[PDB]
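Hydrogens, waters and symmetry mates play no part in the numbers below; they use all other heavy atoms, side chains included. Numbered from 1 within each chain, the chains take letters A, B, ... in sequence-line order.
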Amino acid sequence: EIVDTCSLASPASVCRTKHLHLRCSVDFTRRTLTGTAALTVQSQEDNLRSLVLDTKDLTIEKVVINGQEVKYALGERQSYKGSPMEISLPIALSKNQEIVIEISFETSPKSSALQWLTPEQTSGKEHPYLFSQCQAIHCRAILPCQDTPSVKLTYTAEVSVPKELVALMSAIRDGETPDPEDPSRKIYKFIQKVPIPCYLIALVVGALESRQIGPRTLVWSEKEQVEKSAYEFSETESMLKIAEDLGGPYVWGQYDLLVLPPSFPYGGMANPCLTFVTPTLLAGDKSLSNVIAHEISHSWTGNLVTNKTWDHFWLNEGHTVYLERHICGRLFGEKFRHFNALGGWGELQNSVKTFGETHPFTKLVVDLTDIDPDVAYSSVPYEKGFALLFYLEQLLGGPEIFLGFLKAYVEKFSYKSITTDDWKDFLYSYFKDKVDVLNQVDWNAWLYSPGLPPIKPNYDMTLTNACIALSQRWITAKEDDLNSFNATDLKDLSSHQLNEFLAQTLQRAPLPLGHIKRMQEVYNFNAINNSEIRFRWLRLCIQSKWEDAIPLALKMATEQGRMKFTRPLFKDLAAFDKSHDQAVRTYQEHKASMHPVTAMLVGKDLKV
Amino acid sequence: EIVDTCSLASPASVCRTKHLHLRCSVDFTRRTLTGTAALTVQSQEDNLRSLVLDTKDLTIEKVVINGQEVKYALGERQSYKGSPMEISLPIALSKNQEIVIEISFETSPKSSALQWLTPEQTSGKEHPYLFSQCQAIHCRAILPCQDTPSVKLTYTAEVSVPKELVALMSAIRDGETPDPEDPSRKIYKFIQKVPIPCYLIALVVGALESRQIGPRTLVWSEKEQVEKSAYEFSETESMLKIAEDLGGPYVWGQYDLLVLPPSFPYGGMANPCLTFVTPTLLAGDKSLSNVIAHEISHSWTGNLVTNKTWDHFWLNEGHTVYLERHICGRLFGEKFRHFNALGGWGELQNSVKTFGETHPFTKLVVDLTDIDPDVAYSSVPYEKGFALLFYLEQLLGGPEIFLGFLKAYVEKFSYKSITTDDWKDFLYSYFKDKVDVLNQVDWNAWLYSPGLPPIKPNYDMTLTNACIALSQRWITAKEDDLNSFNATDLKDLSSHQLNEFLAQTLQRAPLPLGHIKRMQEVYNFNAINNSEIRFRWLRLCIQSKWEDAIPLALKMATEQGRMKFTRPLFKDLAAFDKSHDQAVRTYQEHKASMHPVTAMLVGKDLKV
Amino acid sequence: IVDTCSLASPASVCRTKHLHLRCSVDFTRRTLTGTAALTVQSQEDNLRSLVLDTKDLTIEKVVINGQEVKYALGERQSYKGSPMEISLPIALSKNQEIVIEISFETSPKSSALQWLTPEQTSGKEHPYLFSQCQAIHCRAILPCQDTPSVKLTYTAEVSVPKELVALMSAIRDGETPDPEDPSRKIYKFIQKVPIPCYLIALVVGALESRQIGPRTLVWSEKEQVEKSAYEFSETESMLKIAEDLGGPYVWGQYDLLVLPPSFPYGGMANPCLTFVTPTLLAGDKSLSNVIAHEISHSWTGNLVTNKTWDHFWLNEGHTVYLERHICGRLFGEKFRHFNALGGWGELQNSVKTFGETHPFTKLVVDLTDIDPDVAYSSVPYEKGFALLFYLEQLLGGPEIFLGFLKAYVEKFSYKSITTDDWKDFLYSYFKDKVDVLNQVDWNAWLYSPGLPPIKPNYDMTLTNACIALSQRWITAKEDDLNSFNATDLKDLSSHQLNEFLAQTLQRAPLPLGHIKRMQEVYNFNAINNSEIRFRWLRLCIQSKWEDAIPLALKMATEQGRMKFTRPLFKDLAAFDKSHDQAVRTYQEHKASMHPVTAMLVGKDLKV
Ligand SMILES: CCCCC/C=C\C\C=C/C=C/C=C/[C@@H]1O[C@H]1CCCC(=O)O
Ligand SMILES: CCCCC/C=C\C\C=C/C=C/C=C/[C@@H]1O[C@H]1CCCC(=O)O
Ligand SMILES: CCCCC/C=C\C\C=C/C=C/C=C/[C@@H]1O[C@H]1CCCC(=O)O
Ligand SMILES: [Zn+2]
Ligand SMILES: [Zn+2]
Ligand SMILES: [Zn+2]
């Protein structure tokens, strides 16, 4: 009934991959991954004679079944979807019959899933570095697979690397041995016994060291960042404990963190057993830990209960933002949960404004037919999804009651892949005594209409009031008022409130260039290295036509690669007449060394 | 007085679109139409402060009036009717005041008006293909409009396409030029000076070539079908001359023919200046040219005199079938007109039997409140409408007298949209001297009752007798009579009589399996490629439980897409237990690549 | 005699004896859906088909003896609707009966119904529905012989959202949860007295009740229920008087329902459940003559019924006659004459408006090709009353003539009759006074347009002070305006204030300075008595006082009684200063107005 319009492989209704055994070697002299993917596949129908896998820029050497090579054909490339690989089975399979297909392959150096870093691009300057990023549909650029989240497989893996480096994966570490075929190399083994969608497969190889920060958590990075990260993320275990109370047991064994080089495109990636995080989280005061609570929460919403197709991405992210903000509310107070919730509604405003209130990507449930998931990615599924759940919480009796539903929903669909209708049907089942309340929800509008939601939740304003007051003072200030502003204006404002003040002001950009110059004089925002504050501050300066900020904005856009920051900065710099040429030139000069997905999207943003 | 319950736009009594200037670009990479629709709108009332247009899956970037963006709101989607779009006018308009509203829009890849074909889906295999089909209410899935046949507008268009392709529209071709903004593209221009309902807007883009077959007729298709099409439709100009004698002057300038890919859902579509036709008319002997005569006749009944709402659809089709059969009668004789007339009564019997004799869709005048016109569509308005006109012909003095009425009717309502009451009132006015005769008509049953009409016209039987004789012989035959059947049974039967023989036999299906095998043995109907004969033959085989015909019926049902054939073949295959599962699997495997309307209806027929 | 307002088979062909209505009220789609089971009796041999009235109904199927039958919906005949011809399975002989079960659904545009959103009600939480079938709108609810010549009993089962209450023109016969939908409730009703179908009535809404007499509950939304119980406290005393005058009350219950402000009439005497406008809520019981009028229909109209609408005056003339006797008993014969004379004034106004040769000023009208809603006026009420009042005084006074009235009701109870029936019985009851009767100009009274040929005699006691004050204002000049004072009113009842304004309105326009002075000394703006405020605002508008424009527009739209709304809209359209805003206001409100009021105001405003 449900079709994954982003995958070219045979659907789960035809056959299902139950297990992957990956045996590969990481070759830094050629920037390629070579090896074998052994897929244990189960037919779901009688007379299954062939099957199709996803691939993208993969070189296929051979396909072996039962010791014999078999016929296969790579179809024509379908742009961002890659090339379908049809495999002719030696004998037709019947329903429930299993077979192991071993595919020998190597990746392209331009694999959209991988970034290869030269030693000069690392912190240590002596060794190279490799990291993967498979979500949404880049796993097919590492290895042939049914690249759809409707299929969940276990996996084991054997990875040969230069013996001076360390390999980690989204799995439990299963030992290391010198490579018997090459004394300069080492083999690291991994095992993942919880079934996962293949977009949760992850690999990192580099000069990595670790620091233990909890009974089940090591923080990993290059030696220059390991201690700073252990401090920054010291709250991890306390958040895991809260998450388990809200979601039920943590089933993944280990919860390690990996702090990647600055070019990592996202704030985090909840790869099971090994969350990847951006080093732009290292604010020095733990103030960006909500990203950690987010990735922790995916250990339930996303990794355990999984969207069946990317049309239903909001199930993954909406519920994860909801759990994230409950974690931070437990740690810092209910008024802080509402502050962050209200801030999230503002980011939704921004996203709808950027797309347009009729744009299809502002629907909660999207149709990705002929759409690249990376192009459609936005805050909408996060924050319109959260807004729906927060609204339902307030409609159905408050946080305690709704968290009861959330825990039961996770238990109901653990280890499965589901759709919006699965979720809604269960909501109605769990709240069968409040069906008349549920039936007052404008379901069509919430789930399927573009634009802002048909109703806005209620938000405590306690921590937001001071932000609104200071922003309005600046917005409505005249020349005769600029002298009244003083560093003391920020006396009782947390970093979170400074960030919100700037977010509110940015929504009403541009300000008079004289206001921005004063703001720097009395507040010295140029000295703040908190990445969220500096991002919004530099966007404010650029959109308000301050030439002094051009080099600072260019520096931040290129010295880190978190798309949340890099794309809007390049976009603002391109729209500023005095920095347009520099923005395009800087992009062209850096795009070879950028992450492949970020490089593509920035290129698209700049129209080059 | 009359309400169009298929449209959400402001009605013609509130405001009227007088002109459309369409400027758009066709993007085969994204499967989108992007551009601007400039609507010249005339208010019909004082103090008009806003108006509503139909849309369906359109992204509305902005709305500009007098060089300034205006406020607009997209309402909730109402399933098959789309989403209404309310525009707040900058200044209230009084009666007769006109404004130009320029709407920037983008279609969805899932536009129900469009089918996008990949190169592999075309005849040439090297280029992609796009064609539209707006009737009844799909124009709103291409551009914002008052999507109601009660409004008639002229239009001009500018269409940008890849330079390797050709664009055509339901309009006079107005030149081509390289696209100034993109050397990879061309711009084709079009002019329609005759006011049309928006359902007659049509666009095709593909690798099209042409042959001239008359002073005002080019036949268009991919190169592989051009010449065969020019032969098949050589009678076009002679049919236009006859039609002009029956209906008055042809006002549209050009009468071009476009032969579409096999997935075109209808036998023809009478888009002004450019009739669309199915390639299943390519029988090799011109025997299916009544479809051409039908589309030609729409140049008067339908395109010039238009039904005001789709409840009065029979005005379009009943009169068009009436003219169609007069054209073919002029070319091939009055006995042949009666032959086709009687065959059409047979098709009415089939339609009433399928719906049931009390179904509201067997009424001549229908009520489509909350009904999707694509679901209600049937041959009832065609054949009950024709039957009413044929009955009246015979009642009022015969064909020469009634053709005089028809010509005066066309002249009276030319360029207008009308109801059944307008028609009937003018019938009484034209036949002032026969009011007592008209008052004998059972108008209440003819117009508003379901089932077969209250009275059957008189039909010459000359050409039908041999078909009845042979059908009866096969129906009443026993196993010992089978050897007497012989190929010489067919020696004096035309293709039309073969077709009617199968139709009469199909009305009494199933036949014994042994009878059907014998029929193939002596007549070799498997060898016949005439789409009408093959369709009825395979239905007979499937309904008579002949397993050998399963792959043939599945082949025809999927290798072309004319709904007249595809839907009943899938239905028959679904009802045959031996082919049920394969019918369903085949639909599921192809539905992504099917026409959107055909896919929806076959999915409904199959109950998936 | 033919009913030119009905397309159904007439009573001489077949007669509906009983209706069993089983329906469901859908507020989402604004439809009534269900089955109308008609028990029909043939009046002729070889009856093989029959025709029913319908208007904007969707017919799903027609069932007789458990089998679907053939039927045909015919061409629409504008306000008359569409005829529905049913083919009977076997021919019927004289007196044979069949039950015909018709599955139907109403249109949201049904001219019989107004659907109200929650915002349009007092409570704001629940929707509301009410019907109004008189004269020929029952055919827009269900198929029927929509003619008062046919009288039927009925039973009904109505399913509604369980939070709402349903009432009908019938005895309440219990309630129960809907066995097929737990969110709904089924209300049952039984009407054992045969009625013409224009007396079928339905209301559904958030209704509450207060008992104000042994056989009277007053129903409304909670916001109005106690104020209405006070306003109409005289109901039982009026019922007792009406029973003395007309004979027994045969209907069982006499409940009252106070509708939302859009109800188009002052009242509608639906049996067992009189509907009234909330504009009767004056706060002092002063508009209770409307209750007396609806009570009186329990005899003249509901028990003795006009055979066709050409004879509407039989219903309304006698009902006004009874109305004014009830109020005369309660408040004195001088008050009866006061009300009678005012009614003559309203007849004057109506005949002047129509014109003295207008066919709608005949007592007996010919409604061929005429929409009854368009012909409706005060002529049948007040010309009918004037005829009976004249005859009263001609034949020996009220005591004698009330003797005729009681014998007339008894003679024709449960029947439908014509003017000739009434006149023949008059001549029979007054055998000894035939010479007196033969002095009456019957052709003038019954069949000629314009004002009656003779005016009755009226006591002037309560009217004199009204005329004196009005003339003082009409003939006053500048030097007289300062002599007017609030004390001018100290001895005038509300009824006399209203009559003073009516007298003054007849002579409109008055000078603008006069109207300004009148508000200064009398403060008529503060009076909320709807009759008084209506005439006051008409006076202000016709006298060109721009300050009254917002007040008149407010009254015209915040309530919907056609007696007030239509003349306020017409006056506003006749005032150049208010014309545009009046048309604009109507266009902005018409979608939310009652369908009949919307049609008529639209016609009045030539939109
Ligand atoms: C409704 C459209 C569905 C399209 C789904 C398409 C793409 C998803 C691809 C990559 C997602 C990476 C998600 C990472 C953790 O939730 C993200 C928080 C990181 C945001 C940031 O702080 O930069
Ligand atoms: C009684 C009203 C029913 C509602 C249907 C309204 C619109 C129907 C929608 C699309 C109609 C396309 C008609 C095309 C040419 O006249 C048709 C002949 C082609 C039929 C065939 O041979 O496949
Ligand atoms: C002389 C025949 C003309 C055709 C008129 C026949 C029927 C008109 C249709 C509806 C009549 C409803 C009457 C209701 C109550 O007796 C009326 C008192 C209410 C008037 C008011 O005070 O607003
Ligand atoms: Zn996430
Ligand atoms: Zn046609
Ligand atoms: Zn009355």
Side-chain angles (χ1 to χ4, degrees), chain B residues 358 444 449, chain C residues 1-23 32 34-55 57-74 80-106 112 133 136-157 168-170 189-200 271 305 307-308 414-416:
Chain B
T358 73
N444 297 339
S449 285
Chain C
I1 292 293
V2 291
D3 188 336
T4 54
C5 299
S6 172
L7 308 177
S9 306
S12 60
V13 176
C14 59
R15 299 180 188 169
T16 300
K17 300 285 229 61
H18 183 81
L19 161 73
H20 179 51
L21 175 63
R22 191 175 171 278
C23 64
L32 275 67
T35 55
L38 304 171
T39 302
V40 180
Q41 176 185 70
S42 174
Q43 308 301 122
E44 48 177 45
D45 286 320
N46 199 42
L47 183 67
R48 290 155 298 134
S49 68
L50 58 92
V51 182
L52 297 179
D53 288 296
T54 77
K55 187 172 165 188
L57 303 185
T58 300
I59 306 302
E60 177 187 351
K61 59 175 186 181
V62 177
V63 174
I64 297 172
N65 301 325
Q67 297 292 332
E68 298 191 19
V69 300
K70 268 177 59 58
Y71 69 98
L73 282 176
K80 290 183 273 199
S82 304
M84 177 184 174
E85 178 175 325
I86 301 170
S87 297
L88 305 175
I90 200 167
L92 299 190
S93 58
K94 198 183 65 161
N95 305 317
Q96 293 193 330
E97 307 201 350
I98 54 172
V99 180
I100 303 168
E101 193 171 274
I102 302 161
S103 302
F104 72 98
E105 174 171 81
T106 58
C133 288
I136 56 171
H137 297 294
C138 189
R139 66 187 69 175
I141 292 174
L142 53 89
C144 55
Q145 301 172 278
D146 192 4
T147 170
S149 65
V150 171
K151 289 198 181 181
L152 57 142
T153 50
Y154 82 87
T155 48
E157 300 177 297
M168 296 188 72
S169 51
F189 308 90
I190 177 167
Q191 179 54 262
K192 292 189 168 193
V193 181
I195 56 161
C197 63
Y198 72 88
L199 290 183
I200 298 170
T305 307
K307 197 191 216 69
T308 76
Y414 313 107
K415 301 294 180 179
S416 301

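- Pairing each heavy atom of B:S449 with each of C:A72, the nearest pair is OG-CB, 3.7 Å.
- Smallest separation of non-hydrogen atoms from C:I1 and C:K307: CG2-CD, 4.2 Å.
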Given C:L52 and C:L38, is the side-chain contact (heavy atoms from CB on, under 4.5 Å) satisfied, shown in steps? CA-CA 11 Å; C:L52 297 179; C:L38 304 171; 3.5 Å; yes
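- For residues 57-72 of chain C, no pair satisfies side-chain hydrogen bond (donor to acceptor under 3.5 Å, both in side chains), with sequence neighbours left out.
- Looking at every heavy atom in both residues, C:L152 comes nearest to C:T16 through CB-O, 3.6 Å.
- Here the shortest heavy-atom pairing between C:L73 and C:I59 reads CD1-CG1, 4.1 Å.
- Residues C:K80 and C:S6 form no side-chain contact, since every pair of their non-hydrogen atoms from C-beta on lies 4.5 Å or further apart.
- Scanning all heavy atoms of the two residues, the minimum distance from C:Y198 to C:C133 falls at O-CB, 3.3 Å.
- In this structure, C:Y154 and C:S169 have side chains that are in contact, with non-hydrogen atoms separated by less than 4.5 Å.
- Residues passing the side chain to side chain donor-acceptor pair (under 3.5 Å) test with C:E101, sequence neighbours excluded: none.
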Check the pair C:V13 / C:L50 against side-chain contact (heavy atoms from CB on, under 4.5 Å), numbers first and verdict last. CA-CA 8 Å; C:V13 176; C:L50 58 92; 5.7 Å; no
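- When each of C:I136, C:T54, C:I141 is tested with C:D146 by the rule side-chain contact (heavy atoms from CB on, under 4.5 Å), just one qualifies, namely C:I136.
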